[PDB]
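Each chain, written out:
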Amino acid sequence: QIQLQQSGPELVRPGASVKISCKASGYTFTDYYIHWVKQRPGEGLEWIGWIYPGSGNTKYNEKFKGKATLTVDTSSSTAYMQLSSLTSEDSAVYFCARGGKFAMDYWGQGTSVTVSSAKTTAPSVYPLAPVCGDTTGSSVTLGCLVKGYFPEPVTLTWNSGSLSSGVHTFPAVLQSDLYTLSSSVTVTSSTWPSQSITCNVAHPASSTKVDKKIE
Amino acid sequence: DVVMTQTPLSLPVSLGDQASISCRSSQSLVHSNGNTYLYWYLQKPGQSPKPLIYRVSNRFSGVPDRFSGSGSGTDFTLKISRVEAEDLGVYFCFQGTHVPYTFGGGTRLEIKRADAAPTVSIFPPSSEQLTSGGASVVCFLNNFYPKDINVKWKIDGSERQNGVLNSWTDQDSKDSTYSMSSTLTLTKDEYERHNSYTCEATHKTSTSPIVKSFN
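What the entry reports as its method is X-ray crystallography, with 2.8 Å given for the resolution.

Quick look at the structure:
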């Protein structure tokens, strides 16, 4: 029944513009407001503004007027939001939501806009072996650092799939238009060095690396 | 803009517990028409917010009767009476009475757990990286509880602010602990300009900083 189904370009260069759509279904488009909201990950929600599809009237958040422009096409019951002159501060997930004038009830799924000047870049995968001597008790923790890649995602696997216990893959952070990810694997002291551990890293947008933690 | 403050910002709960979150506005949300436009939404870790309470106390349709909103003017309260695993996520209150509409900061409900001190492990740059020209020192602070940890890099006794990237895992599925990764990036002939690199962490479990270091 009621669905706001979003869709709108997601990797963009700074200074460009991106138009994100929100096709509504399961209810009469014309009777409700479409509200748009921005979320910068690890953070809260900001209300951008709304449109009334019946009249085409809008109200914007002072902060976003000029940046966001809101538009509806009542023949297809699809609403749009164009962001302009993008900067990094604009990389967030944007949501349209159906609502009445003052508040929204049912939200669309989100559209992630990532602003970066990068080209497709194969990662540099780096082995992170234990510092030296004066360390380990029952366990030794090894790590894989994979950096400078664009776009997301990568697959990091430890010994081609088994060695599921003890690993933590941290979420990738964008820093200076490329991403870095890292993974720890903790194993028992009679397992490493003796039994070799490799980290396997794959990047759909390019090709695969398999790196052994020696020493 | 009206400010909305939510309390707590993190609420550990054993399943089956009662739980209360609160939302305070910097001014009354009673509107001229008598209605108070205070809404509460739940964002579950990988998706869009879902509506729960409309105009201070009315539940939306399929919201379980366990949820209850209360409050007036500027102080409002959400309460969950017998929390369930499907209720874990972030809670936000929303005021639609004043333009621009504003959300509260969020309150994450999480599973209570015993305190666990972190496992800190520092990693010098790899031969591989230094040959390529860069130097990333990586510090992994694995498996602790509560989430509040404060980590700092001090290279040769100076606290370095610039160049560290941090990443956190969600609360662990079968463990309830947290993990963090902190990476410090320098250039080879810059890393070569100093020698002790320290990664000290402060956490509830220890009155002394947890210090890992090398030369």
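A. Structural view of the nonpolar core. In terms of nonpolar packing, the biggest core is built from 45 residues, with A:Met104, A:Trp107, B:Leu38, B:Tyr91, B:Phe103 and B:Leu109 touching the most fellow members. Excluding anything up to four places from it in sequence, B:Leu38 contacts B:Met4, B:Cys23, B:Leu29, B:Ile53, B:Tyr54, B:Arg55, B:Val56, B:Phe76, B:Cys93 and B:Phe94. With 25 residues, the next largest nonpolar core counts A:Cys22, A:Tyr27, A:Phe29 and A:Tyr94 among its residues.

B. Highlighting the state of the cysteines. All names here are of chain B. Following the criterion strictly, the structure yields four disulfides over all chains and no others. Note that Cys-23 is cross-linked by a disulfide to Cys-93, the S-S spacing being 2.0 Å. Looking along the S-S bond of the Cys-23-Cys-93 disulfide, the torsion reads about 75°, which is the right-handed sense. Placement of the pair is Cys-23 in strand β3 (residues 19–25) and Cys-93 in strand β9 (residues 89–95), with a sequence separation of 70 residues.

C. Molecular detail of the packing of aromatic side chains. Residues and elements named next belong to chain B. On inspection of all chains with the given rule, the structure shows 23 aromatic pairs over all chains. Taking 6.4 Å as the distance between ring centres and 75° as the angle between the ring planes, the aromatic pair formed by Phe-92 and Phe-103 counts as edge-to-face. Within this pair, whereas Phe-92 is found in strand β9, its partner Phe-103 is found in strand β10 (residues 102–103), the two being separated by 11 residues in sequence. The class of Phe-103 is buried, set by a relative accessible area of 9%.

D. Here's a closer look at the interface of chain B and chain A. If you look at the interface, chain B gives 44 residues, while chain A gives 41 residues. Broken down residue by residue, the surface that chain B buries against chain A is led by B:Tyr101, B:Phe103 and B:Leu165, which jointly contribute 18%. Counting across the interface, chain B meets chain A through zero salt bridges. Summed over the shared surface of chain B and chain A, the result is 11 residue pairs in polar contact. Residue classes in the side of chain B that touches chain A are distributed as 22 nonpolar, 19 polar and three charged.

E. How the structure looks around unusual backbone geometry. Of note, the bond from B:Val99 into B:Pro100 is cis; its omega dihedral lies within 30 degrees of zero at 0°. Position of B:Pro100 among the secondary structure elements: in the loop between β9 and β10. Residue B:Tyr145 is joined to B:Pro146 through a cis peptide bond whose omega torsion reads -5°. Relative to the helices and strands, B:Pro146 is located in the loop between β13 (134–144) and β14 (149–155). Within the chain, A:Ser77 stands out as a residue other than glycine whose phi angle is a positive 55°. Structurally, A:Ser77 can be placed in the loop between β7 (68–73) and β8 (78–83). The class for A:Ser77 is partly exposed, based on a relative accessible area of 22%.

F. Structural view of the pattern of salt bridges. All names here are of chain B. One pass over the full model with this rule turns up 16 salt bridges over all chains. Where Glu-110 meets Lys-147, a salt bridge forms, and the shortest distance between an N and an O atom there is 3.2 Å. Of this pair, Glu-110 sits in strand β11 (residues 107–111) while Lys-147 sits in the loop between β13 and β14; the two residues are 37 residues apart in sequence, bridging distant segments of the chain. You can call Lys-147 partly exposed: its relative accessible area is 30%. What emerges from the salt-bridge pattern is a single network uniting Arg-66, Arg-82, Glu-84, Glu-86 and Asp-87.

G. Looking closely at the sheet that holds β14(B). Residue and element names in this part refer to chain B. Spatially, the four strands line up as an open sheet ordered β15-β14-β18-β19, and their pairing is antiparallel. A single partner strand is all that each edge strand has here, and the edge strands are β15 (158–160) and β19 (206–214). Strand-to-strand twist of the sheet, defined as the mean angle between neighbouring strand axes without regard to direction, takes the value 35°. Inspection of the sheet shows β14 paired to β15 by three bridges, in the antiparallel sense. Bridge pairing in β15 links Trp-153 to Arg-160.

H. Up close: the UniProt feature "disulfide bond" in chain A. Residues and elements named next belong to chain A. Here the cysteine sulfurs of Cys-144 and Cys-199 are separated by 2.0 Å, meaning the disulfide UniProt annotates for them is intact. Of this pair, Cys-144 sits in strand β13 (residues 139–149) while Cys-199 sits in strand β17 (residues 198–202), and the two are 55 residues apart along the sequence. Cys-144 sits in the buried class, given a relative accessible area of 0%.

Definitions and limits used
- Residues numbered from 1 in each chain as written, not as in the entry; some residues may be left out.
- Chains lettered and ligands numbered in written order.
- Heavy atoms only, no water.
- Core = buried A, V, L, I, M, F, W, Y, C linked by side-chain atoms within 4.5 Å.
- Buried < 20%, exposed > 50% of the residue type's maximum accessible area, 1.4 Å probe, protein only.
- Contact = heavy atoms within 4.5 Å.
- Disulfide = S-S within 2.5 Å.
- Helix = DSSP H or I, 4+ residues; strand = E, 2+ residues; numbered from the N terminus.
- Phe/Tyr/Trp six-rings, centres within 6.5 Å; stacked < 30°, edge-to-face > 60°.
- Buried area = accessible area lost by both parts, 1.4 Å probe.
- Salt bridge = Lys/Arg side-chain N within 4 Å of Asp/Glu carboxyl O.
- Polar contact = N/O pair within 3.5 Å; in protein donor to acceptor, adjacent residues only side chain to side chain.
- Nonpolar A, V, L, I, M, F, W, Y, C, P; charged D, E, K, R; others polar.
- Pairing = 2+ DSSP bridges.
- Axes fitted to C-alpha atoms, helices over the stretch in contact; angles between N-to-C directions.
- UniProt positions renumbered as here; feature names shortened; annotations may be inferred.

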